[PDB]
Every structure is written in C-alpha cells, then in structure tokens.
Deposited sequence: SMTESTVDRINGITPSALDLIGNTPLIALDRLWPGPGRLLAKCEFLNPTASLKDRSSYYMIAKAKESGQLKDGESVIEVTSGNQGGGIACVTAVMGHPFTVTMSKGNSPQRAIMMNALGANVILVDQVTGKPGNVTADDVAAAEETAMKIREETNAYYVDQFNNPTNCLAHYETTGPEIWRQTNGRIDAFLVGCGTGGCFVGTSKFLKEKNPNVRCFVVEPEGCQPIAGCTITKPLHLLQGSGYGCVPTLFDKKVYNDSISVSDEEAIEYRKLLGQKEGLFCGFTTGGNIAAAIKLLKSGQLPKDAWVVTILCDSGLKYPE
C-alpha cells in the first residue's frame, strides 16, 4: 500500500508504478494568490495516469484482492469513459488482471487512448438516444447493461466506483494524512468537487478528526458548506493556473481554484488562512 511503504522515490528505486501513486506534492500557488493567507493544492496530475483516480483505482483493486473477492489473474470490468478507466487500467496492468471497459460510442475516441494503451479491452456500446459528442443517461444505461451481461457471462469483478466504499477509504488513508503532514497541521479549509465523492468524503473525514474546526467545502458546478462555480470561472482559473504557476490542469481544477479564491476573499476564514484544494488531472487528458 501507500501507507506502509519503505520506498525511497528520491534516492532509491521505485519497485513499480503502484509506488508512483499518492504522496503527491502539495504546491504553494503563491504567484496566483500572493496573500493574505495561502492557497495550496495536491498535484494529483503527477500520479502515473495523471489523475487523482490512481488512488481510488489502487484501493478498489487491492481491497478486492485482500477480501478474496478478486482472485490472482482474474478479470476486472468497469463502465467508464473517464480518469477511473485509466487508473484501473494502470493498477490491473501491474497486478496482472485482464481489464474490460464499457463506454458509449458517443465518446470521442480520445477517451479510450490511455485505457487501451495500458491494456484495457475497451468495448464501445451503441448510443440509444445520443449523437456523437453527446452521451445521454440512456447511452450510459446501455454501457452498464453490456458490462452486467459480460460480468454474468465471465464472472469478472465489477469495480462499481460510485458504490465501492474503498473509494473514500483511499483518501481517508492517503490524501488526508498527506495534507495534514505536508502543512504541519496548518490548514483552515479543504475544498474539492464531487464525482463519486470519494476525494471529498475521505479527505474531509480525516481532516475533521485532526481538527474539527477545518472548514470542508464541496465545489458545485452550474461537510461545512458548498461554493458554486460557473463554466466561465473554471475556464478563467484553468488559464490563470497555467499563466501564473506553469501547471496545465483540467476544468475541475479551474473550478476548484476559482472556488478557493472566492473562499479566500469572503472573510469567512481567518485573515492568514491556509486553504488546500486538489489539482485533479493534467490538461493533456482533454481534446482541443
């Protein structure tokens, strides 16, 4: 695991890509936010598939293996067009698990490149109500139906990212503890968006144990509280993060940065507040 590791990445040898997961830098965005207070963020784009999903992917596979639910060399299946696919693909490659992915033909082919490159068997499922570039709820229901049919036929382990509790456990045992150590306990708030919610629930649960006075915010597009963010704000702060800090990240990172700056300006926090967010993935994982 990333918790018990004796691995020295700086001055030693890294046994495998699994040891590249977690213990990510916590960077100061001191140029983007020169004060008062400090904006810091976990560089989750420096995980081996360039997203925070390496953590949840690693936990969900590793814990299925430990439980006996997933046997050596046996098949894994997930429904995804996103970062979770790349993460599971990387973990299953190292651990020697055949991995099948279902996703809608609706997705840009670009969404399968990394998964396929890391040895995923990518099944493209016909759209039911959507058109190229628009994957609908019925398009997703169909991808799900294809994966369930394959799972019943093969008895592959279904990762079930949205309902697997080892998703949040990853962040409770790695992300949160790392932030607590890296800040030496100096942190007034944490904030991140929710897809599965693993990152927010796991990290916030751990931080509130160390210090219940830490304000944890969900970033909501268009638990202490929520901060709302527009697509225009996401785009603006994605660009500013690049221009000021030299980090090309995705749109959810734009949103997190824009929410964190609103939170620093609000006066809800002490004048000298240290605010921590997540740089979720690389900007390279997006077309155009």
What are the unmodelled segments when the structure is compared with the full deposited sequence, in sequence order? 223 to 255
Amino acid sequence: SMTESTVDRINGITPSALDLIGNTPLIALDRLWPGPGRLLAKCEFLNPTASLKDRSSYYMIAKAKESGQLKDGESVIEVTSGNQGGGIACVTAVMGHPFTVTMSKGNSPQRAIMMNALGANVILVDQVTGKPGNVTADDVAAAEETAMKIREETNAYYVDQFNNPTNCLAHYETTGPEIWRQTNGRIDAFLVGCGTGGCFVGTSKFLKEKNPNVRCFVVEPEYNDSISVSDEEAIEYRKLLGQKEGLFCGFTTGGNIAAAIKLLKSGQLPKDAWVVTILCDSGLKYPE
From here on, numbers count along this sequence of modelled residues.
Between 3 to 11 and 279 to 287 (mean CA B-factor, as deposited), the higher: 3 to 11
For the higher mean C-alpha B factor in the entry, choose 199 to 207 or 128 to 136. 128 to 136
Sort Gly86, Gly176, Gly96, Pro109 by C-alpha B-factor from the entry and give me just the highest. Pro109
With respect to the C-alpha temperature factors reported in the PDB entry, which of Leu191, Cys168, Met115, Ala141 ranks highest? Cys168
Divide the modelled residues of the chain into thirds by Cα B-factor and specify which third, lowest, middle or highest, holds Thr183. lowest
Per the entry's values, where does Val76 land by CA temperature factor relative to the rest of its chain, in the lowest, middle or highest third? middle
Compare the C-alpha B factor of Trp33 with those of the other modelled residues in its chain, then answer lowest, middle or highest third. middle
Name the third of the chain's ranked CA B-factors that contains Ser266, choosing lowest, middle or highest. highest
Lowest, middle or highest third: which one holds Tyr58 when the chain's residues are ordered by CA B-factor from the entry? middle
